[PDB]
Each structure stands twice: as structure tokens, then as C-alpha cells.
file start33.pdb (PDB, C-alpha atoms and all ligand atoms)
ATOM      1  CA  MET Q   1     -66.929   3.137 -59.952
ATOM      2  CA  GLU Q   2     -67.616   4.559 -56.487
ATOM      3  CA  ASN Q   3     -71.074   5.372 -57.854
ATOM      4  CA  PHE Q   4     -71.887   1.657 -57.840
ATOM      5  CA  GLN Q   5     -72.569  -0.775 -55.044
ATOM      6  CA  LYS Q   6     -71.890  -4.399 -55.942
ATOM      7  CA  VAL Q   7     -74.774  -6.696 -55.002
ATOM      8  CA  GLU Q   8     -73.314 -10.059 -56.063
ATOM      9  CA  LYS Q   9     -70.972 -11.575 -58.632
ATOM     10  CA  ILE Q  10     -72.856 -13.049 -61.582
ATOM     11  CA  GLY Q  11     -70.100 -13.816 -64.092
ATOM     12  CA  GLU Q  12     -66.391 -14.375 -64.783
ATOM     13  CA  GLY Q  13     -64.309 -15.302 -67.866
ATOM     14  CA  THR Q  14     -63.813 -13.834 -71.391
ATOM     15  CA  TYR Q  15     -62.836 -10.363 -70.176
ATOM     16  CA  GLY Q  16     -63.243  -9.805 -66.472
ATOM     17  CA  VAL Q  17     -65.802 -10.241 -63.731
ATOM     18  CA  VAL Q  18     -69.505  -9.367 -63.871
ATOM     19  CA  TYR Q  19     -71.452  -8.035 -60.913
ATOM     20  CA  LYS Q  20     -75.092  -7.231 -60.343
ATOM     21  CA  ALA Q  21     -74.812  -3.671 -58.958
ATOM     22  CA  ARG Q  22     -76.904  -0.704 -57.874
ATOM     23  CA  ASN Q  23     -76.271   2.796 -59.245
ATOM     24  CA  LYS Q  24     -75.888   4.727 -56.003
ATOM     25  CA  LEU Q  25     -77.430   7.752 -57.698
ATOM     26  CA  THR Q  26     -80.054   6.585 -60.223
ATOM     27  CA  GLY Q  27     -81.180   3.772 -57.902
ATOM     28  CA  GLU Q  28     -80.846   1.531 -60.985
ATOM     29  CA  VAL Q  29     -79.885  -2.142 -60.737
ATOM     30  CA  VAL Q  30     -77.429  -2.923 -63.552
ATOM     31  CA  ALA Q  31     -74.882  -5.476 -64.704
ATOM     32  CA  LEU Q  32     -71.388  -4.092 -64.256
ATOM     33  CA  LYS Q  33     -68.497  -5.652 -66.151
ATOM     34  CA  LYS Q  34     -64.995  -4.770 -64.961
ATOM     35  CA  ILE Q  35     -62.318  -5.481 -67.564
ATOM     36  CA  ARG Q  36     -58.684  -5.612 -66.541
ATOM     37  CA  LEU Q  37     -56.291  -3.872 -68.906
ATOM     38  CA  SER Q  46     -57.702   4.473 -78.257
ATOM     39  CA  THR Q  47     -59.536   2.739 -81.110
ATOM     40  CA  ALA Q  48     -61.370   0.532 -78.615
ATOM     41  CA  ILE Q  49     -62.704   3.434 -76.553
ATOM     42  CA  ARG Q  50     -63.880   5.137 -79.725
ATOM     43  CA  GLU Q  51     -65.564   2.088 -81.291
ATOM     44  CA  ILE Q  52     -67.234   0.989 -78.062
ATOM     45  CA  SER Q  53     -68.596   4.468 -77.278
ATOM     46  CA  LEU Q  54     -70.114   4.304 -80.759
ATOM     47  CA  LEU Q  55     -71.987   0.990 -80.386
ATOM     48  CA  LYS Q  56     -73.519   2.582 -77.286
ATOM     49  CA  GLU Q  57     -75.913   4.437 -79.632
ATOM     50  CA  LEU Q  58     -77.060   1.157 -81.179
ATOM     51  CA  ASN Q  59     -80.510   0.635 -79.618
ATOM     52  CA  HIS Q  60     -82.997  -2.185 -80.314
ATOM     53  CA  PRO Q  61     -85.490  -4.070 -78.113
ATOM     54  CA  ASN Q  62     -83.660  -7.327 -78.854
ATOM     55  CA  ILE Q  63     -80.200  -6.082 -77.897
ATOM     56  CA  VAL Q  64     -79.101  -5.672 -74.270
ATOM     57  CA  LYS Q  65     -78.474  -1.943 -73.714
ATOM     58  CA  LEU Q  66     -74.922  -0.761 -73.023
ATOM     59  CA  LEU Q  67     -75.681   2.045 -70.561
ATOM     60  CA  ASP Q  68     -72.235   3.377 -69.759
ATOM     61  CA  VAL Q  69     -68.571   3.037 -70.550
ATOM     62  CA  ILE Q  70     -66.240   4.094 -67.770
ATOM     63  CA  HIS Q  71     -62.484   4.047 -68.257
ATOM     64  CA  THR Q  72     -60.194   4.605 -65.268
ATOM     65  CA  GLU Q  73     -56.685   3.441 -64.326
ATOM     66  CA  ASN Q  74     -55.796   0.159 -66.032
ATOM     67  CA  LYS Q  75     -59.489  -0.775 -65.832
ATOM     68  CA  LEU Q  76     -62.450  -0.471 -68.184
ATOM     69  CA  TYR Q  77     -66.037  -0.798 -66.892
ATOM     70  CA  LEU Q  78     -69.079  -1.501 -69.066
ATOM     71  CA  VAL Q  79     -72.528  -0.883 -67.543
ATOM     72  CA  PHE Q  80     -75.417  -2.898 -68.997
ATOM     73  CA  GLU Q  81     -79.163  -3.135 -68.632
ATOM     74  CA  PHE Q  82     -79.826  -5.985 -66.169
ATOM     75  CA  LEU Q  83     -81.874  -9.135 -66.993
ATOM     76  CA  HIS Q  84     -82.446 -11.918 -64.435
ATOM     77  CA  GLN Q  85     -82.177 -15.004 -66.646
ATOM     78  CA  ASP Q  86     -80.426 -16.374 -69.724
ATOM     79  CA  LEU Q  87     -81.565 -18.920 -72.262
ATOM     80  CA  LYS Q  88     -79.164 -21.633 -71.153
ATOM     81  CA  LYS Q  89     -80.676 -21.628 -67.642
ATOM     82  CA  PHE Q  90     -84.206 -21.508 -69.078
ATOM     83  CA  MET Q  91     -83.411 -24.423 -71.434
ATOM     84  CA  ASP Q  92     -82.032 -26.375 -68.423
ATOM     85  CA  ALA Q  93     -85.154 -25.562 -66.402
ATOM     86  CA  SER Q  94     -87.398 -26.619 -69.312
ATOM     87  CA  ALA Q  95     -85.463 -29.801 -70.086
ATOM     88  CA  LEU Q  96     -88.070 -32.237 -68.784
ATOM     89  CA  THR Q  97     -90.925 -30.850 -70.844
ATOM     90  CA  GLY Q  98     -89.114 -28.821 -73.473
ATOM     91  CA  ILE Q  99     -89.882 -25.195 -74.379
ATOM     92  CA  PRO Q 100     -93.269 -24.993 -76.123
ATOM     93  CA  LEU Q 101     -92.959 -24.505 -79.883
ATOM     94  CA  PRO Q 102     -94.779 -21.127 -79.839
ATOM     95  CA  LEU Q 103     -92.108 -19.807 -77.414
ATOM     96  CA  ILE Q 104     -89.209 -21.313 -79.366
ATOM     97  CA  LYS Q 105     -90.668 -19.635 -82.441
ATOM     98  CA  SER Q 106     -91.065 -16.260 -80.682
ATOM     99  CA  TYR Q 107     -87.473 -16.330 -79.375
ATOM    100  CA  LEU Q 108     -86.055 -17.313 -82.796
ATOM    101  CA  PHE Q 109     -88.081 -14.555 -84.467
ATOM    102  CA  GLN Q 110     -86.937 -11.926 -81.946
ATOM    103  CA  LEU Q 111     -83.270 -12.998 -82.216
ATOM    104  CA  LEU Q 112     -83.484 -12.724 -86.024
ATOM    105  CA  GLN Q 113     -84.911  -9.185 -85.589
ATOM    106  CA  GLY Q 114     -81.960  -8.276 -83.342
ATOM    107  CA  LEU Q 115     -79.491  -9.776 -85.782
ATOM    108  CA  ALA Q 116     -81.079  -8.090 -88.810
ATOM    109  CA  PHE Q 117     -80.640  -4.818 -86.911
ATOM    110  CA  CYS Q 118     -76.977  -5.544 -85.969
ATOM    111  CA  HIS Q 119     -76.196  -6.705 -89.475
ATOM    112  CA  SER Q 120     -77.819  -3.695 -91.185
ATOM    113  CA  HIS Q 121     -75.351  -1.707 -89.107
ATOM    114  CA  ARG Q 122     -72.419  -3.904 -90.144
ATOM    115  CA  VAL Q 123     -72.134  -5.224 -86.594
ATOM    116  CA  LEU Q 124     -71.366  -8.950 -86.156
ATOM    117  CA  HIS Q 125     -71.938 -10.759 -82.866
ATOM    118  CA  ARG Q 126     -69.469 -13.639 -83.629
ATOM    119  CA  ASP Q 127     -70.143 -15.708 -80.517
ATOM    120  CA  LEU Q 128     -73.842 -16.367 -80.034
ATOM    121  CA  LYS Q 129     -74.621 -19.030 -77.425
ATOM    122  CA  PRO Q 130     -77.579 -19.626 -75.071
ATOM    123  CA  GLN Q 131     -75.545 -18.297 -72.098
ATOM    124  CA  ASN Q 132     -75.404 -14.927 -73.812
ATOM    125  CA  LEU Q 133     -79.088 -14.617 -74.710
ATOM    126  CA  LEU Q 134     -81.052 -12.911 -71.937
ATOM    127  CA  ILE Q 135     -84.764 -13.240 -71.288
ATOM    128  CA  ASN Q 136     -87.388 -11.412 -69.210
ATOM    129  CA  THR Q 137     -90.920 -11.903 -67.847
ATOM    130  CA  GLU Q 138     -92.490 -10.121 -70.788
ATOM    131  CA  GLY Q 139     -91.444 -12.820 -73.255
ATOM    132  CA  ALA Q 140     -88.592 -10.762 -74.716
ATOM    133  CA  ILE Q 141     -85.144 -12.163 -75.493
ATOM    134  CA  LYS Q 142     -81.976 -10.120 -76.062
ATOM    135  CA  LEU Q 143     -78.515 -10.487 -77.592
ATOM    136  CA  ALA Q 144     -75.653  -9.985 -75.076
ATOM    137  CA  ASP Q 145     -71.800 -10.204 -74.933
ATOM    138  CA  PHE Q 146     -70.610  -9.134 -78.355
ATOM    139  CA  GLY Q 147     -66.945  -9.466 -77.271
ATOM    140  CA  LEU Q 148     -66.490  -5.717 -77.811
ATOM    141  CA  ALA Q 149     -63.313  -5.685 -75.651
ATOM    142  CA  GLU Q 162     -61.981 -20.502 -69.456
ATOM    143  CA  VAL Q 163     -62.837 -23.412 -71.721
ATOM    144  CA  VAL Q 164     -64.064 -21.895 -74.978
ATOM    145  CA  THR Q 165     -67.363 -23.350 -76.147
ATOM    146  CA  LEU Q 166     -67.142 -24.200 -79.833
ATOM    147  CA  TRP Q 167     -70.588 -25.686 -80.270
ATOM    148  CA  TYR Q 168     -72.062 -22.731 -82.166
ATOM    149  CA  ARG Q 169     -69.063 -21.894 -84.328
ATOM    150  CA  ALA Q 170     -69.710 -21.537 -88.099
ATOM    151  CA  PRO Q 171     -67.641 -23.877 -90.302
ATOM    152  CA  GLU Q 172     -65.863 -20.997 -92.104
ATOM    153  CA  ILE Q 173     -64.488 -19.763 -88.748
ATOM    154  CA  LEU Q 174     -63.236 -23.291 -87.892
ATOM    155  CA  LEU Q 175     -61.623 -23.566 -91.364
ATOM    156  CA  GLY Q 176     -59.503 -20.456 -90.747
ATOM    157  CA  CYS Q 177     -61.456 -17.825 -92.711
ATOM    158  CA  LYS Q 178     -60.151 -14.495 -91.421
ATOM    159  CA  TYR Q 179     -62.740 -12.176 -92.972
ATOM    160  CA  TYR Q 180     -65.967 -13.968 -92.198
ATOM    161  CA  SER Q 181     -69.404 -12.399 -92.509
ATOM    162  CA  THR Q 182     -72.756 -11.841 -90.784
ATOM    163  CA  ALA Q 183     -73.595 -15.407 -91.924
ATOM    164  CA  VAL Q 184     -71.622 -16.725 -88.917
ATOM    165  CA  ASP Q 185     -74.367 -15.399 -86.626
ATOM    166  CA  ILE Q 186     -77.094 -17.104 -88.654
ATOM    167  CA  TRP Q 187     -75.198 -20.448 -88.281
ATOM    168  CA  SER Q 188     -74.933 -19.970 -84.499
ATOM    169  CA  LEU Q 189     -78.620 -19.123 -84.243
ATOM    170  CA  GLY Q 190     -79.517 -22.244 -86.286
ATOM    171  CA  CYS Q 191     -77.518 -24.356 -83.781
ATOM    172  CA  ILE Q 192     -79.404 -22.729 -80.876
ATOM    173  CA  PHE Q 193     -82.812 -23.178 -82.645
ATOM    174  CA  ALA Q 194     -82.104 -26.925 -83.080
ATOM    175  CA  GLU Q 195     -81.016 -27.205 -79.426
ATOM    176  CA  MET Q 196     -84.250 -25.561 -78.221
ATOM    177  CA  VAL Q 197     -86.311 -27.999 -80.251
ATOM    178  CA  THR Q 198     -84.487 -31.242 -79.425
ATOM    179  CA  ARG Q 199     -83.240 -30.353 -75.927
ATOM    180  CA  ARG Q 200     -79.800 -31.492 -76.964
ATOM    181  CA  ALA Q 201     -76.825 -29.550 -78.364
ATOM    182  CA  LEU Q 202     -76.621 -30.037 -82.130
ATOM    183  CA  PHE Q 203     -72.807 -30.131 -82.469
ATOM    184  CA  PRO Q 204     -71.183 -30.488 -79.036
ATOM    185  CA  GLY Q 205     -67.510 -30.692 -80.088
ATOM    186  CA  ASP Q 206     -64.660 -30.567 -77.572
ATOM    187  CA  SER Q 207     -61.902 -29.291 -79.867
ATOM    188  CA  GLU Q 208     -61.806 -27.428 -83.175
ATOM    189  CA  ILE Q 209     -61.319 -30.603 -85.190
ATOM    190  CA  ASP Q 210     -63.942 -32.503 -83.197
ATOM    191  CA  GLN Q 211     -66.391 -29.564 -83.766
ATOM    192  CA  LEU Q 212     -65.581 -29.636 -87.462
ATOM    193  CA  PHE Q 213     -65.940 -33.388 -87.733
ATOM    194  CA  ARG Q 214     -69.216 -33.452 -85.809
ATOM    195  CA  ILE Q 215     -70.573 -30.952 -88.366
ATOM    196  CA  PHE Q 216     -69.248 -33.045 -91.307
ATOM    197  CA  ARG Q 217     -70.728 -36.239 -89.847
ATOM    198  CA  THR Q 218     -74.189 -34.713 -89.803
ATOM    199  CA  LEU Q 219     -74.252 -32.371 -92.800
ATOM    200  CA  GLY Q 220     -71.712 -34.270 -94.926
ATOM    201  CA  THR Q 221     -68.091 -33.327 -95.579
ATOM    202  CA  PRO Q 222     -68.371 -30.138 -97.616
ATOM    203  CA  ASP Q 223     -66.910 -30.133-101.150
ATOM    204  CA  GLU Q 224     -66.544 -27.696-104.038
ATOM    205  CA  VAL Q 225     -70.013 -28.664-105.267
ATOM    206  CA  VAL Q 226     -71.936 -27.360-102.242
ATOM    207  CA  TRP Q 227     -69.306 -24.842-101.077
ATOM    208  CA  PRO Q 228     -67.186 -23.299-103.865
ATOM    209  CA  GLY Q 229     -63.800 -22.275-102.476
ATOM    210  CA  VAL Q 230     -63.958 -24.615 -99.462
ATOM    211  CA  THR Q 231     -60.871 -26.627-100.497
ATOM    212  CA  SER Q 232     -58.862 -23.410-100.506
ATOM    213  CA  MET Q 233     -59.697 -22.301 -96.958
ATOM    214  CA  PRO Q 234     -56.658 -21.794 -94.707
ATOM    215  CA  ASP Q 235     -57.272 -24.847 -92.530
ATOM    216  CA  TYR Q 236     -58.855 -27.101 -95.056
ATOM    217  CA  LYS Q 237     -56.996 -30.422 -95.528
ATOM    218  CA  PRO Q 238     -57.630 -32.803 -98.400
ATOM    219  CA  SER Q 239     -57.102 -35.509 -95.825
ATOM    220  CA  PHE Q 240     -60.429 -34.724 -94.037
ATOM    221  CA  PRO Q 241     -62.577 -37.868 -93.918
ATOM    222  CA  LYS Q 242     -65.454 -37.888 -96.417
ATOM    223  CA  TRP Q 243     -68.778 -38.413 -94.634
ATOM    224  CA  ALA Q 244     -72.184 -38.524 -96.327
ATOM    225  CA  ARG Q 245     -74.955 -36.127 -95.241
ATOM    226  CA  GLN Q 246     -77.863 -37.195 -92.942
ATOM    227  CA  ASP Q 247     -81.465 -35.980 -93.331
ATOM    228  CA  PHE Q 248     -82.975 -33.345 -91.068
ATOM    229  CA  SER Q 249     -85.827 -35.687 -90.317
ATOM    230  CA  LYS Q 250     -83.270 -37.488 -88.126
ATOM    231  CA  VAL Q 251     -81.640 -34.246 -86.938
ATOM    232  CA  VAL Q 252     -84.453 -32.260 -85.326
ATOM    233  CA  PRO Q 253     -87.492 -34.518 -84.879
ATOM    234  CA  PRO Q 254     -90.171 -33.725 -84.447
ATOM    235  CA  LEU Q 255     -89.837 -30.219 -85.902
ATOM    236  CA  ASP Q 256     -92.318 -29.648 -88.799
ATOM    237  CA  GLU Q 257     -91.236 -29.164 -92.425
ATOM    238  CA  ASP Q 258     -91.469 -25.357 -92.142
ATOM    239  CA  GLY Q 259     -89.055 -25.423 -89.205
ATOM    240  CA  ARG Q 260     -86.690 -27.980 -90.829
ATOM    241  CA  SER Q 261     -86.623 -26.032 -94.105
ATOM    242  CA  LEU Q 262     -85.671 -22.825 -92.288
ATOM    243  CA  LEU Q 263     -83.004 -24.633 -90.227
ATOM    244  CA  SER Q 264     -81.514 -26.173 -93.389
ATOM    245  CA  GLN Q 265     -81.178 -22.660 -94.831
ATOM    246  CA  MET Q 266     -79.497 -21.341 -91.667
ATOM    247  CA  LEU Q 267     -77.051 -24.264 -91.776
ATOM    248  CA  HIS Q 268     -75.964 -24.028 -95.425
ATOM    249  CA  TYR Q 269     -72.211 -24.565 -95.667
ATOM    250  CA  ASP Q 270     -71.604 -21.736 -98.131
ATOM    251  CA  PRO Q 271     -71.893 -18.436 -96.216
ATOM    252  CA  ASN Q 272     -73.132 -16.756 -99.390
ATOM    253  CA  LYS Q 273     -76.005 -19.237 -99.715
ATOM    254  CA  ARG Q 274     -76.844 -19.173 -95.976
ATOM    255  CA  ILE Q 275     -80.141 -17.367 -95.366
ATOM    256  CA  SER Q 276     -79.828 -13.753 -94.086
ATOM    257  CA  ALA Q 277     -81.610 -12.597 -90.936
ATOM    258  CA  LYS Q 278     -83.923 -10.366 -92.973
ATOM    259  CA  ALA Q 279     -84.959 -13.144 -95.373
ATOM    260  CA  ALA Q 280     -85.356 -15.612 -92.481
ATOM    261  CA  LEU Q 281     -87.936 -13.234 -90.928
ATOM    262  CA  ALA Q 282     -90.058 -13.758 -94.066
ATOM    263  CA  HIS Q 283     -89.885 -17.585 -93.938
ATOM    264  CA  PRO Q 284     -93.264 -19.410 -93.779
ATOM    265  CA  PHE Q 285     -92.267 -20.819 -90.357
ATOM    266  CA  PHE Q 286     -93.163 -17.401 -88.910
ATOM    267  CA  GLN Q 287     -96.615 -17.067 -90.459
ATOM    268  CA  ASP Q 288     -98.263 -17.913 -87.104
ATOM    269  CA  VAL Q 289     -95.713 -16.365 -84.743
ATOM    270  CA  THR Q 290     -96.935 -14.902 -81.483
ATOM    271  CA  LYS Q 291     -95.409 -13.618 -78.249
ATOM    272  CA  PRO Q 292     -96.096 -15.996 -75.395
ATOM    273  CA  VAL Q 293     -94.851 -15.276 -71.905
ATOM    274  CA  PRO Q 294     -92.551 -17.841 -70.309
ATOM    275  CA  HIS Q 295     -92.889 -19.057 -66.774
ATOM    276  CA  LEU Q 296     -89.715 -17.809 -65.099
ATOM    277  CA  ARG Q 297     -88.509 -18.372 -61.590
ATOM    278  CA  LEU Q 298     -86.249 -15.464 -60.720
TER     279      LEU Q 298
HETATM  280  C1  LIG K   1     -74.865 -13.908 -69.206
HETATM  281  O1  LIG K   1     -73.812 -12.951 -68.941
HETATM  282  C2  LIG K   1     -73.662 -12.005 -69.879
HETATM  283  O2  LIG K   1     -74.343 -11.936 -70.896
HETATM  284  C3  LIG K   1     -72.555 -11.011 -69.618
HETATM  285  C4  LIG K   1     -72.801 -10.269 -68.262
HETATM  286  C5  LIG K   1     -74.232  -9.662 -68.224
HETATM  287  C6  LIG K   1     -75.263 -10.286 -67.481
HETATM  288  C7  LIG K   1     -76.528  -9.680 -67.377
HETATM  289  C8  LIG K   1     -76.823  -8.520 -68.120
HETATM  290  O3  LIG K   1     -78.123  -7.988 -68.154
HETATM  291  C9  LIG K   1     -75.806  -7.901 -68.868
HETATM  292  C10 LIG K   1     -74.501  -8.441 -68.882
HETATM  293  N1  LIG K   1     -72.519 -10.057 -70.706
HETATM  294  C11 LIG K   1     -71.425  -9.325 -70.988
HETATM  295  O4  LIG K   1     -70.378  -9.392 -70.352
HETATM  296  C12 LIG K   1     -71.507  -8.378 -72.144
HETATM  297  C13 LIG K   1     -70.374  -8.015 -72.874
HETATM  298  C14 LIG K   1     -70.497  -7.173 -73.985
HETATM  299  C15 LIG K   1     -69.233  -6.802 -74.734
HETATM  300  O5  LIG K   1     -69.183  -6.931 -75.987
HETATM  301  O6  LIG K   1     -68.256  -6.343 -74.084
HETATM  302  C16 LIG K   1     -71.780  -6.693 -74.333
HETATM  303  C17 LIG K   1     -72.017  -5.822 -75.409
HETATM  304  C18 LIG K   1     -73.321  -5.353 -75.707
HETATM  305  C19 LIG K   1     -73.581  -4.422 -76.838
HETATM  306  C20 LIG K   1     -74.532  -3.396 -76.722
HETATM  307  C21 LIG K   1     -74.789  -2.528 -77.796
HETATM  308  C22 LIG K   1     -74.102  -2.675 -78.996
HETATM  309  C23 LIG K   1     -73.152  -3.700 -79.129
HETATM  310 CL1  LIG K   1     -72.302  -3.916 -80.639
HETATM  311  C24 LIG K   1     -72.896  -4.572 -78.054
HETATM  312  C25 LIG K   1     -74.396  -5.792 -74.912
HETATM  313  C26 LIG K   1     -74.170  -6.642 -73.844
HETATM  314  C27 LIG K   1     -72.878  -7.092 -73.541
HETATM  315  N2  LIG K   1     -72.712  -7.918 -72.498
END

call {"tool": "encode", "arguments": {"input": "start33.pdb", "output": "C-alpha cells"}}
result
Amino acid sequence: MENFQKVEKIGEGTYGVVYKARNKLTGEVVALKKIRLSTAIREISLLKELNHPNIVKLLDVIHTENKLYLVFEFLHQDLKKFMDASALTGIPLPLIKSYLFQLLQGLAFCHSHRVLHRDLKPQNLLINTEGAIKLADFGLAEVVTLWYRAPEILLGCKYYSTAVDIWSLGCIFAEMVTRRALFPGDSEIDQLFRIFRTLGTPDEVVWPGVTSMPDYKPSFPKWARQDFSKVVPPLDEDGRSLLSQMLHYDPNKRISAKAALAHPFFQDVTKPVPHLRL
């Protein structure tokens, strides 16, 4: 760690503290995560090889004393701050579309490598001046945000799949479009019920096996489903159709990242550059 000079703290929570730092030798500016303390070290060192333009690079893993440091490629801004900055006008559709497309590319890559993110949220999606967007904080190692949690996770499924990331991304897509969180729950049951209130209480018809999930209770209220026209106005039918497929209750029916990339919504995708104030 002596090889790094901390510039300023930029994060704190899930694991440890995050600092913007300079590599005293390479001259590089990086994001340095210091986690307070065998399989882990091995697995993590592995994922280090995983390289894709839409995944934040893990540059170094440094273990010393009862401390573990992860060194990442540095990006100045995240999507949550950009969404907040764009709140008055909203992010232009062509940029929402580019970001969604890129995130699906990153996920398709992770997923083809049997890697699940598990906790996608705007705070952990980093953007740059070139119009790129990247997946960060995979939880490789505060109030927990539940807004983007897939229903199978909330219902106690222990062996959930890559479909959980597609659900999270659908929630983020909707939020970019409407400028409002889709399902802002403040507890696990409130998150669950907010989902049910919008998409309808799931049953065996639309989600075979749902009534047998660990945390499923027959006593859940039975709400009827709303229509997406009310959910994400004024997103076009191509966008709504794709969102509906990313928000299917049944994980096995939920669209994959690879198939989503082929959806008609992306026929006219481009790569616009955002206006960022760093
Ligand atoms: C907004 O704040 C953040 O996003 C913070 C700080 C930050 C802030 C700015 C930055 O530029 C970087 C980090 N991010 C993190 O703490 C953080 C944590 C992990 C992790 O799982 O431990 C992680 C893993 C990969 C990775 C890489 C390759 C393969 C795989 Cl499976 C995973 C890539 C980025 C990651 N970032």
C-alpha cells in the first residue's frame, strides 16, 4: 500500500472505504478499496483476467496483514449522479438506449463466464466522457437498497440465476426513462409488495413453483397487474416490450442478456456522448 498516495475518499460501506489514489510508481490514478478482515484470494485473482469494455477493470489485488486491497480502473462519475444531474430534462432516449445496450453487452459477457453481478444499481454503474458505461462492485469480497432486487431473491431462493441481473437492469432502464425509481421499497416485504402491486401478485400460472419458494406465504395479498402504458410512459412499444421481458416473474422466462441485445428496440442504437461535469 505504500506504493499509493490517497487523493480523497470517494466511498464507504459494503466492505470498506474507497479512495481515489495515485500509483506512486506508474503515475496512474486509480480507485483503491481497502477491505478490513484462501478460496476468496483464489477466486478474486481469477476474475482479474475477466476483461471487457463494459466492466470496470480490477487492476490489482493486494493482501497484507488483516487487510485486503482491490485496485480498480478509475472513472469520475456514476449513473446515479448523472441521473440526478439530468433530472430536470431527463436523459435523452438515444443515450438511455446506448447505456442499456452496453450494460447488456457487459452482462452477456459476465453471464457467458458464469459470473453473476447480483447487486446492480445506478450507484455502481460508472460512466465516462466517451459515452461508455461500466459494471462495478460485484461484491467479490449501511442501509441496503432493495429497489433493484429480483423477486426470486426476495422470496428466499438460494440458488438464483443470471436472470437476477436482467431484472435489476430492467428496473434501472425504467428509472432512466421515467426519472423515478420503479420499485422504491423500504423493507423486503415492502419491496415485494410494491412489485406485486404493479406487476400483479405472481401465481402458479405465470410463475410455476412460486408458491413453493422458501419465503412465499399463501397469505400474500392478491393484487391485479397494471399495464406498462401506465408504468413507463412515454416509452415506445419497442421499449415497453423489452422491459416487460426483462421483468417477467419466472426467471426461466425472463429474457437473457444475449437475446435482449437482438430485441427490435436496438435496431437504431448509436453511441452518443453525454455532457458530463467532472
Ligand atoms: C461507485 O463506487 C464504486 O463502484 C465502488 C468504488 C469505485 C469507484 C470508482 C471506480 O472507478 C472503481 C471503484 N466499487 C467497488 O468498490 C468495487 C467492488 C468490486 C468487488 O466486487 O469487490 C468490484 C469488482 C469488479 C470486478 C472486476 C472484474 C471481474 C469481476 Cl467478477 C468484478 C469491478 C469493480 C468493483 N468495484

call {"tool": "residues_near_ligand", "arguments": {"input": "start33.pdb", "ligand": "ligand LIG 1 (chain K)", "cutoff": "9 Å", "atoms": "all atoms listed in the file", "output": "JSON, numbers by chain"}}
result
{"Q": [10, 11, 12, 13, 14, 15, 16, 17, 18, 19, 20, 30, 31, 32, 33, 34, 35, 52, 54, 55, 56, 57, 58, 59, 60, 63, 64, 65, 66, 67, 78, 79, 80, 81, 82, 83, 84, 85, 86, 87, 118, 123, 124, 125, 130, 131, 132, 133, 134, 142, 143, 144, 145, 146, 147, 148, 149]}

call {"tool": "closest_residue", "arguments": {"input": "start33.pdb", "among": "Q:197, Q:164, Q:226, Q:219", "to": "residue 97 of chain Q", "atoms": "only C-alpha atoms"}}
result
Q:197

call {"tool": "residues_around", "arguments": {"input": "start33.pdb", "residues": "segment 273-276 of chain Q", "least_positions_apart": "2", "cutoff": "10 Å", "atoms": "all atoms listed in the file", "output": "list in words"}}
result
residues 112, 115, 116, 119, 182, 183, 184, 185, 186, 187, 226, 227, 262, 263, 264, 265, 266, 267, 268, 269, 270, 271, 278, 279, 280, 281 and 283 of chain Q

call {"tool": "closest_residue", "arguments": {"input": "start33.pdb", "among": "Q:289, Q:29, Q:70, Q:166", "to": "residue 8 of chain Q", "atoms": "all atoms listed in the file"}}
result
Q:29

call {"tool": "closest_residue", "arguments": {"input": "start33.pdb", "among": "Q:251, Q:293, Q:225, Q:135", "to": "residue 103 of chain Q", "atoms": "all atoms listed in the file"}}
result
Q:293

call {"tool": "resolve_selection", "arguments": {"input": "start33.pdb", "expression": "the PyMOL selection byres (((chain Q and resi 169-171) around 7) and not hetatm)", "output": "number ranges by chain"}}
result
Q: 166-168, 172-175, 184, 187-188, 212

call {"tool": "closest_residue", "arguments": {"input": "start33.pdb", "among": "Q:221, Q:139, Q:76, Q:209", "to": "residue 102 of chain Q", "atoms": "all atoms listed in the file"}}
result
Q:139

call {"tool": "closest_residue", "arguments": {"input": "start33.pdb", "among": "Q:272, Q:260, Q:255, Q:180", "to": "residue 233 of chain Q", "atoms": "all atoms listed in the file"}}
result
Q:180

call {"tool": "closest_residue", "arguments": {"input": "start33.pdb", "among": "Q:282, Q:297, Q:129, Q:256", "to": "residue 93 of chain Q", "atoms": "all atoms listed in the file"}}
result
Q:297

call {"tool": "atom_distance", "arguments": {"input": "start33.pdb", "atom1": "atom CA of residue 96 of chain Q", "atom2": "atom CA of residue 246 of chain Q"}}
result
26.7 Å

call {"tool": "axis_aligned_box", "arguments": {"input": "start33.pdb", "around": "segment 225-229 of chain Q", "padding_each_side": "4 Å", "output": "AutoDock Vina command-line options"}}
result
--center_x -67.9 --center_y -25.5 --center_z -103.2 --size_x 16.1 --size_y 14.4 --size_z 12.2

call {"tool": "residues_around", "arguments": {"input": "start33.pdb", "residues": "residue 234 of chain Q", "least_positions_apart": "4", "cutoff": "9 Å", "atoms": "all atoms listed in the file", "output": "number ranges by chain"}}
result
Q: 175-178

call {"tool": "write_last_selection", "arguments": {"input": "start33.pdb", "atoms": "C-alpha atoms", "output": "PDB file, keeping the file's coordinate frame"}}
result
ATOM      1  CA  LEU Q 175     -61.623 -23.566 -91.364  1.00  0.00           C
ATOM      2  CA  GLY Q 176     -59.503 -20.456 -90.747  1.00  0.00           C
ATOM      3  CA  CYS Q 177     -61.456 -17.825 -92.711  1.00  0.00           C
ATOM      4  CA  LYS Q 178     -60.151 -14.495 -91.421  1.00  0.00           C
TER       5      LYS Q 178
END

call {"tool": "atom_distance", "arguments": {"input": "start33.pdb", "atom1": "atom CA of residue 61 of chain Q", "atom2": "atom CA of residue 141 of chain Q"}}
result
8.5 Å

call {"tool": "atom_distance", "arguments": {"input": "start33.pdb", "atom1": "atom CA of residue 105 of chain Q", "atom2": "atom CA of residue 194 of chain Q"}}
result
11.3 Å
